[PDB]
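Quick look at final.tsv (TSV, C-alpha atoms):
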chain	number	residue	atom	x	y	z
A	1	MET	CA	0.00	0.00	0.00
A	2	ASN	CA	0.93	3.67	-0.52
A	3	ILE	CA	-0.81	7.07	-1.02
A	4	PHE	CA	-1.39	6.41	-4.74
A	5	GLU	CA	-3.00	3.01	-4.09
A	6	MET	CA	-4.96	4.38	-1.13
A	7	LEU	CA	-6.49	7.26	-3.07
A	8	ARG	CA	-7.16	4.98	-6.06
A	9	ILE	CA	-9.30	2.81	-3.75
A	10	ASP	CA	-11.07	5.85	-2.19
A	11	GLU	CA	-11.63	7.81	-5.41
A	12	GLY	CA	-12.07	5.09	-8.05
A	13	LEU	CA	-11.26	5.57	-11.74
A	14	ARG	CA	-13.80	6.95	-14.23
A	15	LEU	CA	-12.82	8.08	-17.71
A	16	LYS	CA	-15.86	10.25	-18.45
A	17	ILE	CA	-17.03	13.37	-16.60
A	18	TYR	CA	-19.08	12.36	-13.54
A	19	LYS	CA	-20.38	14.10	-10.42
A	20	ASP	CA	-18.57	13.48	-7.13
A	21	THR	CA	-20.20	12.83	-3.70
A	22	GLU	CA	-20.91	16.57	-3.37
A	23	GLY	CA	-22.45	16.71	-6.85
A	24	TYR	CA	-19.42	18.41	-8.45
A	25	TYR	CA	-18.14	17.65	-11.96
A	26	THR	CA	-15.13	15.35	-11.72
A	27	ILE	CA	-13.06	12.98	-13.89
A	28	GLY	CA	-10.39	10.27	-13.58
A	29	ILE	CA	-9.22	9.49	-10.06
A	30	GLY	CA	-11.17	12.14	-8.11
A	31	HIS	CA	-9.91	15.06	-10.17
A	32	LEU	CA	-12.38	17.83	-9.34
A	33	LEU	CA	-13.03	19.88	-12.46
A	34	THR	CA	-15.23	22.68	-11.09
A	35	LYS	CA	-17.86	23.48	-8.48
A	36	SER	CA	-19.93	25.09	-11.25
A	37	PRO	CA	-23.27	23.47	-12.21
A	38	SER	CA	-22.35	24.04	-15.88
A	39	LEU	CA	-21.19	20.92	-17.74
A	40	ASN	CA	-19.73	23.13	-20.47
A	41	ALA	CA	-17.66	24.92	-17.80
A	42	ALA	CA	-16.45	21.51	-16.58
A	43	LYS	CA	-15.61	20.45	-20.14
A	44	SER	CA	-13.54	23.65	-20.50
A	45	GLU	CA	-11.62	22.96	-17.26
A	46	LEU	CA	-10.97	19.40	-18.51
A	47	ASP	CA	-9.62	20.55	-21.88
A	48	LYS	CA	-7.40	23.11	-20.12
A	49	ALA	CA	-6.05	20.44	-17.71
A	50	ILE	CA	-5.35	17.89	-20.50
A	51	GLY	CA	-4.20	20.30	-23.23
A	52	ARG	CA	-6.63	19.11	-25.93
A	53	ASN	CA	-10.32	19.15	-26.81
A	54	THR	CA	-11.51	16.05	-24.95
A	55	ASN	CA	-15.32	16.29	-25.26
A	56	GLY	CA	-15.66	14.97	-21.69
A	57	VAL	CA	-13.66	11.76	-22.21
A	58	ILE	CA	-10.03	10.99	-21.29
A	59	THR	CA	-7.69	7.98	-21.39
A	60	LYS	CA	-6.36	5.99	-18.39
A	61	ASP	CA	-2.87	7.47	-18.93
A	62	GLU	CA	-4.35	10.97	-18.93
A	63	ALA	CA	-6.30	10.16	-15.75
A	64	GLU	CA	-3.13	8.87	-14.03
A	65	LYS	CA	-1.22	11.98	-15.15
A	66	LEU	CA	-3.77	14.31	-13.50
A	67	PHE	CA	-3.77	12.02	-10.45
A	68	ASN	CA	0.02	12.30	-10.04
A	69	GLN	CA	-0.21	16.09	-10.34
A	70	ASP	CA	-3.04	16.21	-7.78
A	71	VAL	CA	-1.20	14.05	-5.21
A	72	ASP	CA	1.93	16.16	-5.76
A	73	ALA	CA	-0.15	19.36	-5.31
A	74	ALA	CA	-1.78	18.08	-2.09
A	75	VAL	CA	1.60	17.27	-0.47
A	76	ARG	CA	3.16	20.55	-1.63
A	77	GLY	CA	0.12	22.39	-0.24
A	78	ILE	CA	0.49	20.70	3.15
A	79	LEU	CA	4.16	21.75	3.31
A	80	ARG	CA	3.30	25.37	2.42
A	81	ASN	CA	0.58	25.49	5.07
A	82	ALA	CA	1.76	26.86	8.42
A	83	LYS	CA	-0.87	24.90	10.38
A	84	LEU	CA	-0.53	21.61	8.48
A	85	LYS	CA	3.23	21.37	7.99
A	86	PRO	CA	4.34	20.83	11.62
A	87	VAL	CA	1.62	18.20	12.15
A	88	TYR	CA	2.54	16.44	8.89
A	89	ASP	CA	6.25	16.51	9.72
A	90	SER	CA	5.59	15.00	13.17
A	91	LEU	CA	3.85	11.97	11.59
A	92	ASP	CA	5.23	8.65	10.30
A	93	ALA	CA	4.89	7.72	6.60
A	94	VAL	CA	1.62	5.72	6.96
A	95	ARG	CA	-0.20	8.52	8.83
A	96	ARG	CA	1.28	11.08	6.40
A	97	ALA	CA	-0.66	9.26	3.67
A	98	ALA	CA	-3.85	9.63	5.73
A	99	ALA	CA	-3.13	13.38	5.98
A	100	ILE	CA	-2.62	13.63	2.19
A	101	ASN	CA	-5.87	11.67	1.66
A	102	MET	CA	-7.82	14.24	3.72
A	103	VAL	CA	-6.33	17.24	1.87
A	104	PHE	CA	-6.94	15.54	-1.48
A	105	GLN	CA	-10.64	15.14	-0.63
A	106	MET	CA	-11.49	18.34	1.24
A	107	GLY	CA	-8.75	20.84	0.38
A	108	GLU	CA	-6.15	22.26	2.69
A	109	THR	CA	-8.35	25.02	4.16
A	110	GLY	CA	-10.97	22.40	5.08
A	111	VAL	CA	-8.34	20.27	6.86
A	112	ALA	CA	-6.59	23.20	8.61
A	113	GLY	CA	-9.91	23.87	10.45
A	114	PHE	CA	-9.61	20.46	12.13
A	115	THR	CA	-7.55	22.36	14.75
A	116	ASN	CA	-8.38	20.07	17.68
A	117	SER	CA	-7.81	16.83	15.72
A	118	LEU	CA	-4.55	18.27	14.38
A	119	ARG	CA	-3.32	19.03	17.91
A	120	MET	CA	-4.18	15.48	19.06
A	121	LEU	CA	-2.40	14.02	16.00
A	122	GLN	CA	0.78	15.98	16.81
A	123	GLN	CA	0.60	14.87	20.45
A	124	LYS	CA	0.20	11.27	19.14
A	125	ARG	CA	-3.03	10.75	21.12
A	126	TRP	CA	-4.29	8.40	18.44
A	127	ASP	CA	-7.54	7.14	19.96
A	128	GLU	CA	-8.49	10.69	20.97
A	129	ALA	CA	-7.64	12.04	17.50
A	130	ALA	CA	-9.77	9.28	15.94
A	131	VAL	CA	-12.83	10.16	18.07
A	132	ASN	CA	-12.42	13.88	17.32
A	133	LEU	CA	-12.00	13.32	13.55
A	134	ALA	CA	-15.38	11.54	13.36
A	135	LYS	CA	-17.16	14.55	14.88
A	136	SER	CA	-17.32	16.19	11.45
A	137	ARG	CA	-19.42	16.87	8.37
A	138	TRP	CA	-16.68	14.85	6.59
A	139	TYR	CA	-17.44	11.69	8.57
A	140	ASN	CA	-21.24	12.03	8.32
A	141	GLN	CA	-21.26	12.61	4.55
A	142	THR	CA	-18.62	9.97	3.67
A	143	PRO	CA	-18.51	7.61	6.71
A	144	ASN	CA	-16.95	4.55	5.03
A	145	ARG	CA	-14.08	6.48	3.49
A	146	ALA	CA	-13.66	8.58	6.68
A	147	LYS	CA	-13.54	5.38	8.81
A	148	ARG	CA	-10.74	3.98	6.62
A	149	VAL	CA	-8.73	7.23	6.86
A	150	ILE	CA	-9.39	7.46	10.62
A	151	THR	CA	-8.28	3.82	11.20
A	152	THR	CA	-5.05	4.73	9.40
A	153	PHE	CA	-4.48	7.70	11.77
A	154	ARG	CA	-5.44	5.56	14.79
A	155	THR	CA	-3.19	2.55	14.03
A	156	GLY	CA	-0.44	3.74	11.67
A	157	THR	CA	-1.17	0.59	9.67
A	158	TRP	CA	-2.80	-0.06	6.29
A	159	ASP	CA	-5.30	-2.52	7.82
A	160	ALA	CA	-8.37	-0.58	6.62
A	161	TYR	CA	-7.14	-0.92	3.00
A	162	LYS	CA	-6.50	-4.69	3.35
Could you quickly redo this structure as structure tokens?
Amino acid sequence: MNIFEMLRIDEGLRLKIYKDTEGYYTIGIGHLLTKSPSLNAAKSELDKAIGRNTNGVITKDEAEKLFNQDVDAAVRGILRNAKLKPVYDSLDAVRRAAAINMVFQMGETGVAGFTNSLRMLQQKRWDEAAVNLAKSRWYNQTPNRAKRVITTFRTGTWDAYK
């Protein structure tokens, strides 16, 4: 297991424009195109991201390319974030993947407002962190995915991913 494999399980792979769990136009491996309700706007964002006129359809290679960029972006965002960086740095490699997972899904502003969970994570109070993390819109809207990510923070193992 690793962050790529973990997010591939959580996000799936779809080669045509689809709506994510929040109803937002998405493609590939959880690559959010736009929060706009306009499919044409989404198609424009897609073409811009890929560098050609796609008409809402991409290849697996193209999907994996955006995915690599997105994982890269999520990590680089964490390291540029003054609230996230020290917590991330304090973590082991398995829990670091759980942190990337969260940022990938909800964006770094979203995650940085988990102030109390973040503190508990840095103090390595794993059971307490886990309980706090579940007290969230995140958990209620995507409980199965959240439970997997939380188990990863709680245990520092990949048990929730097999």
Listed atoms of stretch 142-160 of chain A, axis-aligned box, 5 Å per side: centre and edge lengths to one decimal in Å, as AutoDock Vina command-line options?
--center_x -9.5 --center_y 3.7 --center_z 9.1 --size_x 28.2 --size_y 22.5 --size_z 21.3
Spatial sel., origin (-4.2, 12.8, -10.8), limit 10 Å, all atoms listed in the file, listed as a PyMOL selection string:
chain A and resi 4+7-8+27-32+61-73
One decimal, in Å: what's the spacing between atom CA of residue A:34 and atom CA of residue A:113?
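Separation between atom CA of residue A:34 and atom CA of residue A:113: 22.2 Å.
In terms of minimum interatomic distance to residue A:55, A:16 ranks closest within A:80, A:35, A:16, A:95, counting all atoms listed in the file.
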Kindly give the distance, in Å, that separates atom CA of residue A:123 and atom CA of residue A:141, rounded to a single decimal.
27.1 Å
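The space separating atom CA of residue A:129 from atom CA of residue A:117 comes to 5.1 Å.
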Using the block above, I'd like stretch 4-36 of chain A written out, keeping N, CA, C and O atoms and formatting it as a PDB file, in the first residue's frame.
ATOM      1  N   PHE A   4      -0.779   6.556  -3.417  1.00  0.00           N
ATOM      2  CA  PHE A   4      -1.387   6.412  -4.738  1.00  0.00           C
ATOM      3  C   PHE A   4      -2.439   5.315  -4.712  1.00  0.00           C
ATOM      4  O   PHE A   4      -3.552   5.517  -5.196  1.00  0.00           O
ATOM      5  N   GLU A   5      -2.094   4.170  -4.120  1.00  0.00           N
ATOM      6  CA  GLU A   5      -3.001   3.011  -4.086  1.00  0.00           C
ATOM      7  C   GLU A   5      -4.210   3.282  -3.193  1.00  0.00           C
ATOM      8  O   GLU A   5      -5.331   2.838  -3.476  1.00  0.00           O
ATOM      9  N   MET A   6      -3.954   4.024  -2.121  1.00  0.00           N
ATOM     10  CA  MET A   6      -4.956   4.379  -1.127  1.00  0.00           C
ATOM     11  C   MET A   6      -6.012   5.286  -1.749  1.00  0.00           C
ATOM     12  O   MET A   6      -7.216   5.022  -1.639  1.00  0.00           O
ATOM     13  N   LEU A   7      -5.562   6.346  -2.411  1.00  0.00           N
ATOM     14  CA  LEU A   7      -6.486   7.262  -3.069  1.00  0.00           C
ATOM     15  C   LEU A   7      -7.200   6.636  -4.274  1.00  0.00           C
ATOM     16  O   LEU A   7      -8.342   6.991  -4.571  1.00  0.00           O
ATOM     17  N   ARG A   8      -6.533   5.707  -4.957  1.00  0.00           N
ATOM     18  CA  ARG A   8      -7.160   4.980  -6.062  1.00  0.00           C
ATOM     19  C   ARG A   8      -8.345   4.141  -5.558  1.00  0.00           C
ATOM     20  O   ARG A   8      -9.402   4.087  -6.200  1.00  0.00           O
ATOM     21  N   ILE A   9      -8.183   3.513  -4.396  1.00  0.00           N
ATOM     22  CA  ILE A   9      -9.299   2.814  -3.751  1.00  0.00           C
ATOM     23  C   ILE A   9     -10.415   3.799  -3.348  1.00  0.00           C
ATOM     24  O   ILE A   9     -11.587   3.585  -3.676  1.00  0.00           O
ATOM     25  N   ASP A  10     -10.055   4.889  -2.674  1.00  0.00           N
ATOM     26  CA  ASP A  10     -11.073   5.845  -2.193  1.00  0.00           C
ATOM     27  C   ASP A  10     -11.792   6.645  -3.277  1.00  0.00           C
ATOM     28  O   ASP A  10     -12.965   6.992  -3.116  1.00  0.00           O
ATOM     29  N   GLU A  11     -11.097   6.927  -4.376  1.00  0.00           N
ATOM     30  CA  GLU A  11     -11.635   7.808  -5.411  1.00  0.00           C
ATOM     31  C   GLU A  11     -12.184   7.069  -6.629  1.00  0.00           C
ATOM     32  O   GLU A  11     -13.025   7.609  -7.358  1.00  0.00           O
ATOM     33  N   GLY A  12     -11.693   5.853  -6.868  1.00  0.00           N
ATOM     34  CA  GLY A  12     -12.072   5.088  -8.052  1.00  0.00           C
ATOM     35  C   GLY A  12     -11.381   5.622  -9.296  1.00  0.00           C
ATOM     36  O   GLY A  12     -10.542   6.530  -9.210  1.00  0.00           O
ATOM     37  N   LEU A  13     -11.726   5.052 -10.450  1.00  0.00           N
ATOM     38  CA  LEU A  13     -11.258   5.565 -11.743  1.00  0.00           C
ATOM     39  C   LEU A  13     -12.428   5.612 -12.719  1.00  0.00           C
ATOM     40  O   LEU A  13     -13.043   4.586 -13.000  1.00  0.00           O
ATOM     41  N   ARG A  14     -12.753   6.805 -13.211  1.00  0.00           N
ATOM     42  CA  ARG A  14     -13.801   6.955 -14.225  1.00  0.00           C
ATOM     43  C   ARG A  14     -13.298   7.865 -15.337  1.00  0.00           C
ATOM     44  O   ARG A  14     -12.758   8.946 -15.072  1.00  0.00           O
ATOM     45  N   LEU A  15     -13.468   7.422 -16.580  1.00  0.00           N
ATOM     46  CA  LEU A  15     -12.820   8.078 -17.712  1.00  0.00           C
ATOM     47  C   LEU A  15     -13.697   9.104 -18.420  1.00  0.00           C
ATOM     48  O   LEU A  15     -13.256   9.752 -19.374  1.00  0.00           O
ATOM     49  N   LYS A  16     -14.932   9.242 -17.950  1.00  0.00           N
ATOM     50  CA  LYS A  16     -15.860  10.246 -18.454  1.00  0.00           C
ATOM     51  C   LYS A  16     -16.252  11.166 -17.306  1.00  0.00           C
ATOM     52  O   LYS A  16     -16.223  10.753 -16.143  1.00  0.00           O
ATOM     53  N   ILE A  17     -16.613  12.405 -17.627  1.00  0.00           N
ATOM     54  CA  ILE A  17     -17.033  13.365 -16.601  1.00  0.00           C
ATOM     55  C   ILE A  17     -18.200  12.795 -15.782  1.00  0.00           C
ATOM     56  O   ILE A  17     -19.197  12.333 -16.341  1.00  0.00           O
ATOM     57  N   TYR A  18     -18.042  12.811 -14.464  1.00  0.00           N
ATOM     58  CA  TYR A  18     -19.081  12.363 -13.539  1.00  0.00           C
ATOM     59  C   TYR A  18     -19.197  13.372 -12.394  1.00  0.00           C
ATOM     60  O   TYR A  18     -18.356  14.256 -12.250  1.00  0.00           O
ATOM     61  N   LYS A  19     -20.245  13.253 -11.591  1.00  0.00           N
ATOM     62  CA  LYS A  19     -20.384  14.103 -10.420  1.00  0.00           C
ATOM     63  C   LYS A  19     -19.876  13.360  -9.186  1.00  0.00           C
ATOM     64  O   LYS A  19     -20.175  12.175  -8.994  1.00  0.00           O
ATOM     65  N   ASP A  20     -19.112  14.061  -8.354  1.00  0.00           N
ATOM     66  CA  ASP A  20     -18.568  13.477  -7.127  1.00  0.00           C
ATOM     67  C   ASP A  20     -19.649  13.387  -6.032  1.00  0.00           C
ATOM     68  O   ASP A  20     -20.836  13.621  -6.316  1.00  0.00           O
ATOM     69  N   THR A  21     -19.248  13.051  -4.803  1.00  0.00           N
ATOM     70  CA  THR A  21     -20.198  12.834  -3.705  1.00  0.00           C
ATOM     71  C   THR A  21     -20.911  14.124  -3.290  1.00  0.00           C
ATOM     72  O   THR A  21     -21.970  14.084  -2.655  1.00  0.00           O
ATOM     73  N   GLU A  22     -20.324  15.263  -3.653  1.00  0.00           N
ATOM     74  CA  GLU A  22     -20.909  16.568  -3.368  1.00  0.00           C
ATOM     75  C   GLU A  22     -21.713  17.110  -4.548  1.00  0.00           C
ATOM     76  O   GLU A  22     -22.289  18.199  -4.473  1.00  0.00           O
ATOM     77  N   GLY A  23     -21.747  16.337  -5.631  1.00  0.00           N
ATOM     78  CA  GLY A  23     -22.448  16.710  -6.850  1.00  0.00           C
ATOM     79  C   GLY A  23     -21.622  17.554  -7.811  1.00  0.00           C
ATOM     80  O   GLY A  23     -22.178  18.177  -8.715  1.00  0.00           O
ATOM     81  N   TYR A  24     -20.300  17.569  -7.627  1.00  0.00           N
ATOM     82  CA  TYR A  24     -19.422  18.408  -8.450  1.00  0.00           C
ATOM     83  C   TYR A  24     -18.763  17.635  -9.579  1.00  0.00           C
ATOM     84  O   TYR A  24     -18.257  16.529  -9.358  1.00  0.00           O
ATOM     85  N   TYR A  25     -18.746  18.246 -10.768  1.00  0.00           N
ATOM     86  CA  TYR A  25     -18.143  17.647 -11.964  1.00  0.00           C
ATOM     87  C   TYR A  25     -16.681  17.265 -11.749  1.00  0.00           C
ATOM     88  O   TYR A  25     -15.859  18.082 -11.314  1.00  0.00           O
ATOM     89  N   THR A  26     -16.394  16.003 -12.051  1.00  0.00           N
ATOM     90  CA  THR A  26     -15.133  15.354 -11.720  1.00  0.00           C
ATOM     91  C   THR A  26     -14.774  14.387 -12.855  1.00  0.00           C
ATOM     92  O   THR A  26     -15.651  13.980 -13.628  1.00  0.00           O
ATOM     93  N   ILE A  27     -13.490  14.038 -12.973  1.00  0.00           N
ATOM     94  CA  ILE A  27     -13.059  12.982 -13.886  1.00  0.00           C
ATOM     95  C   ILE A  27     -11.861  12.203 -13.323  1.00  0.00           C
ATOM     96  O   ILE A  27     -11.194  12.660 -12.395  1.00  0.00           O
ATOM     97  N   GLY A  28     -11.603  11.031 -13.889  1.00  0.00           N
ATOM     98  CA  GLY A  28     -10.386  10.268 -13.584  1.00  0.00           C
ATOM     99  C   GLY A  28     -10.411   9.682 -12.188  1.00  0.00           C
ATOM    100  O   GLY A  28     -11.383   9.016 -11.799  1.00  0.00           O
ATOM    101  N   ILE A  29      -9.339   9.938 -11.445  1.00  0.00           N
ATOM    102  CA  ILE A  29      -9.222   9.489 -10.056  1.00  0.00           C
ATOM    103  C   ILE A  29      -9.489  10.671  -9.110  1.00  0.00           C
ATOM    104  O   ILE A  29      -8.575  11.241  -8.526  1.00  0.00           O
ATOM    105  N   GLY A  30     -10.757  11.049  -8.997  1.00  0.00           N
ATOM    106  CA  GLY A  30     -11.167  12.141  -8.112  1.00  0.00           C
ATOM    107  C   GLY A  30     -10.565  13.489  -8.469  1.00  0.00           C
ATOM    108  O   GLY A  30     -10.286  14.306  -7.588  1.00  0.00           O
ATOM    109  N   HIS A  31     -10.350  13.733  -9.755  1.00  0.00           N
ATOM    110  CA  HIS A  31      -9.914  15.058 -10.171  1.00  0.00           C
ATOM    111  C   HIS A  31     -11.102  16.005 -10.335  1.00  0.00           C
ATOM    112  O   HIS A  31     -11.799  15.973 -11.353  1.00  0.00           O
ATOM    113  N   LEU A  32     -11.326  16.833  -9.318  1.00  0.00           N
ATOM    114  CA  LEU A  32     -12.385  17.833  -9.336  1.00  0.00           C
ATOM    115  C   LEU A  32     -12.162  18.841 -10.462  1.00  0.00           C
ATOM    116  O   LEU A  32     -11.103  19.472 -10.558  1.00  0.00           O
ATOM    117  N   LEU A  33     -13.158  18.976 -11.328  1.00  0.00           N
ATOM    118  CA  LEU A  33     -13.026  19.880 -12.457  1.00  0.00           C
ATOM    119  C   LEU A  33     -13.475  21.295 -12.098  1.00  0.00           C
ATOM    120  O   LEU A  33     -12.778  22.263 -12.403  1.00  0.00           O
ATOM    121  N   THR A  34     -14.633  21.398 -11.450  1.00  0.00           N
ATOM    122  CA  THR A  34     -15.228  22.681 -11.088  1.00  0.00           C
ATOM    123  C   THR A  34     -16.397  22.473 -10.143  1.00  0.00           C
ATOM    124  O   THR A  34     -17.055  21.418 -10.168  1.00  0.00           O
ATOM    125  N   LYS A  35     -16.667  23.485  -9.324  1.00  0.00           N
ATOM    126  CA  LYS A  35     -17.858  23.479  -8.479  1.00  0.00           C
ATOM    127  C   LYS A  35     -19.071  24.093  -9.191  1.00  0.00           C
ATOM    128  O   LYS A  35     -20.177  24.115  -8.647  1.00  0.00           O
ATOM    129  N   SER A  36     -18.860  24.551 -10.422  1.00  0.00           N
ATOM    130  CA  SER A  36     -19.929  25.093 -11.255  1.00  0.00           C
ATOM    131  C   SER A  36     -20.933  24.030 -11.707  1.00  0.00           C
ATOM    132  O   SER A  36     -20.538  22.917 -12.069  1.00  0.00           O
TER     133      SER A  36
END
